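Student: Attaching a single structure in structure tokens format; questions to follow.
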2 protein chains.
Amino acid sequence: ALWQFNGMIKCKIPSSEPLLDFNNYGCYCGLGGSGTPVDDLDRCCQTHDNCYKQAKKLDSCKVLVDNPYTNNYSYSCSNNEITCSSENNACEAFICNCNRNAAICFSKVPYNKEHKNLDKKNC
Amino acid sequence: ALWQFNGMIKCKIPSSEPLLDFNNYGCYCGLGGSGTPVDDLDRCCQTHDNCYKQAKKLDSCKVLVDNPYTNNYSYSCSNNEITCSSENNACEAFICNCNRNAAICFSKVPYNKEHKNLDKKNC
Ligand SMILES: [Ca+2]
Ligand SMILES: [Ca+2]
């Protein structure tokens with residue numbers, strides 16, 4: 001799920017190294033997240049975290065071992081659009097949708113360098 | 001490359017178990033292939049074998065370990081159409097194209113049970 005989400009984000013933002021640009025941004029983008037999102041990018045991360053939390057409730061996802069970001073699915077990037085594959089079973093397809101949505105949200109919101117590596121001393 | 005081609009064929013032929021229906025069909029469909037194709041399905045297999053042979057000449061493919069059918073790429077099946085992903089590097093994208101083409105060829109040609117497990121005693 002993580003490398004596929006990395007690839008999805010580059011599908012939408014071809015200039016980005018997502019694992020570098022969006023990890024540890026604000027309160028939500030990265031491992032965990034808590035507190036009020038600092039901006040709309042952070043709010044895209046918040047929704048993605050909630051999406052993932054939702055996925056873990058599927059008995060389709062519970063049939064698996066992973067850190068949520070290792071539920072590997074199939075998607076294509078074609079002309080900068082993401083298509084989640086009908087080959088994904090239920091869990092993967094749900095995560096595929098979570099990841100497509102966040103990649104698109106990230107491409108539509110402002111990126112604020114101030115919130116990069118934001119001091120967690122109050123999220 | 002093999003499980004992705006399996007998935008591609010089911011994308012086009014949703015009633016099929018491709019690893020069962022198309023393996024060891026005619027002279028070409030399966031490991032190797034030699035002789036004159038027995039029918040157009042077999043000719044789709046012949047073209048796919050030649051495609052794979054072509055791929056091995058890419059220095060992009062030579063940078064890898066696999067049996068040709070383990071050059072794993074990314075594609076989506078959506079509404080029974082295959083899209084090879086812009087995330088594939090050169091070798092994978094070439095194999096993705098080989099596999100998409102054969103899956104489509106298979107869906108357009110007659111399937112002849114006579115040629116299933118055809119006696120190789122003259123291909
Ligand atoms: Ca998070
Ligand atoms: Ca063959």
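Simple scheme: letters A, B, ... for chains in structure tokens order, numbers from 1 for residues in each chain, numbers from 1 for ligands in the order shown.
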Could you report the residues within 10 Å of ligand 1, using only C-alpha atoms and all ligand atoms, as a list in words?
Tutor: residues 23, 24, 25, 26, 27, 28, 29, 30, 31, 32, 33, 34, 42, 44, 45, 46, 47, 48, 49, 50 and 52 of chain A
Student: Distance limit 9 Å, atoms considered: only C-alpha atoms. Which chain A residues sit that close to chain B? Return them as a count of residues only.
Tutor: 16
Student: Which residues are near residue 69 of chain A? Cut-off 10 Å, only C-alpha atoms, ignore same chain within fewer than 6 positions. Put them as a VMD selection string.
Tutor: chain A and resid 1 to 5 52 95 99
Student: Name the residues of chain B that come out as alpha helix (DSSP H) in a backbone DSSP run; write them as a count of residues only.
Tutor: 54
Student: So that I can check the surroundings of segment 55-64 of chain B, please list as a ChimeraX atom specification every protein, DNA and RNA residue that reaches within 10 Å of it, counting only C-alpha atoms and ignoring chain neighbours fewer than 4 positions away.
Tutor: /B:49-51,68,70-71,89-95,98
Student: Using the selection just defined, write its residues with C-alpha atoms as an mmCIF file, in the first residue's frame.
Tutor:
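Written output follows (selection11.cif):
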```
data_model
loop_
_atom_site.group_PDB
_atom_site.id
_atom_site.type_symbol
_atom_site.label_atom_id
_atom_site.label_comp_id
_atom_site.auth_asym_id
_atom_site.auth_seq_id
_atom_site.Cartn_x
_atom_site.Cartn_y
_atom_site.Cartn_z
ATOM 1 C CA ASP B 49 6.668 -15.590 -27.547
ATOM 2 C CA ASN B 50 8.334 -13.413 -30.128
ATOM 3 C CA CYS B 51 7.437 -10.340 -28.041
ATOM 4 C CA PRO B 68 10.716 -13.858 -18.440
ATOM 5 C CA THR B 70 8.575 -12.808 -13.415
ATOM 6 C CA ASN B 71 9.220 -9.269 -14.742
ATOM 7 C CA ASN B 89 10.268 1.161 -16.259
ATOM 8 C CA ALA B 90 11.342 0.201 -19.776
ATOM 9 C CA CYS B 91 11.543 -3.603 -19.507
ATOM 10 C CA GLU B 92 8.257 -3.933 -17.525
ATOM 11 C CA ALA B 93 6.448 -1.543 -19.857
ATOM 12 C CA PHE B 94 7.611 -3.612 -22.858
ATOM 13 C CA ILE B 95 6.447 -6.837 -21.207
ATOM 14 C CA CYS B 98 3.408 -7.900 -24.888
#
```
Student: Among segment 78-112 of chain A, which ones does DSSP assign to strand (DSSP E) (computed from the backbone)? Answer as a list in words.
Tutor: residues 78, 81, 82, 83 and 84 of chain A
